[PDB]
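One chain follows as structure tokens, the form deposited in one PDB entry.
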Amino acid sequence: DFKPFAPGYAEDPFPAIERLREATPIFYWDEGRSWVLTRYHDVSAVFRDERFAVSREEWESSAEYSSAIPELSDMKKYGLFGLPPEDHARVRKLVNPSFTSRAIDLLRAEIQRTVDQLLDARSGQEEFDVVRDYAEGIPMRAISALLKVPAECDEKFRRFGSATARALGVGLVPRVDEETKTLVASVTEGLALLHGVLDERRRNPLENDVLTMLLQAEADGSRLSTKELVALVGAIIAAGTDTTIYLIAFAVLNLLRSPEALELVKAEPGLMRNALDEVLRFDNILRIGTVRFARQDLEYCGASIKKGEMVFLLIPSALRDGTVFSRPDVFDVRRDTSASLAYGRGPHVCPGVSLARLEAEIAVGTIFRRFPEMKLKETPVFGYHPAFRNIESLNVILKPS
């Protein structure tokens, strides 16, 4: 039984996937039209198995997929998930330096400012929603600061980011939870806006600037094409928005749920970094996981997988694998989290890992330092986002009494 859209699954998928993981390393998911890998070692292996491709054009349903949401056709083919291996490496080699911990450190001040202003704006009420009043307003500001886009454009870009991430699932994953017209509008509006931002930066290039750097790469030799560049910036916005919102929300939730964990991070603020990694290890935000496609017929974990068939890596399951993490069903902010696959492995490893950790460190660190007695008002509400165990609301009382 695998029903990742069943009511309750997002809130707590662990009993259901544990049953799966213990019974089998692999199964075919009817509605998902793909194989599903449940165990750490098989999941981890596939990340680094060149037999399994990332490009959706290797899928048996590629035609149906490329035709869906034609406004995103360029992003699908020239984006990081679509480029051929040689081109993918080129693009990553080009942008990776811009995302190191050192490079993104400069954003520290602006992120703190945003976090400060969100807390000042709303901390006074009876009720505070860690999603809508806090987490939701942080990640795009971070990305926009990195892109040197005015705070005025934040809301429109966040809408683009969140819409794009869902739209990319249409025809690929089972149940995208929104009206197509609305999705396409936000995507169109966002791409237009992005075009304007890029044209302006071409007009006024800047020093030590990611976009300027990309634009110069595009102008000079053959290091980056216009479509690759647009697909890259679009993907950065779409990949880095909702993911980070849920990290922040899940972090606060999990620290409210473990007084012992919270107490350790209060005692040793230096543990926050490890705690945030353990949030994704213990309670991974992905509903199912990520996908790969078989480039040829092969046998795997006792299954006969055919060329072009999709495979889902069941991340929240692999990350509860007891052969890899001891006491895997315990949230332990002191554990070694090195083996967590939350940010991927191999050439496609998430470039935003440092930016995400920084944003969450500032956001989660600040809220608990400023309101150390914060308490859950009532059970968080979860939704049916096709990719995420999305928290819709996380209502708290900042200073209870």
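The first residue of the sequence shown is number 1, and the count goes up from there.
When 235 to 243 is weighed against 319 to 327, 319 to 327 comes out higher, by mean CA B-factor as recorded in the entry. Stretches 273 to 281 and 290 to 298 differ in mean C-alpha B factor, with the higher average recorded for 290 to 298.
Looking only at 369, 345, 357, 39, the residue with the top Cα B factor in the deposited structure is 369. Between the residues 265, 89, 197, 167, the entry's highest C-alpha temperature factor is the one at 265.
Annotation for residue 222: C-alpha temperature factor in the highest third relative to the rest of the modelled chain, per the entry. Residue 212: CA B factor in the lowest third of modelled residues in this chain (values from the PDB entry). Per the PDB record, residue ranking by Cα B-factor puts residue 4 in the lowest third of the chain.
Looking at the C-alpha B-factors along this chain, the one for residue 119 belongs to the highest third. Among the modelled residues of its chain, residue 387 has a C-alpha B-factor that falls in the lowest third, as given in the PDB entry.
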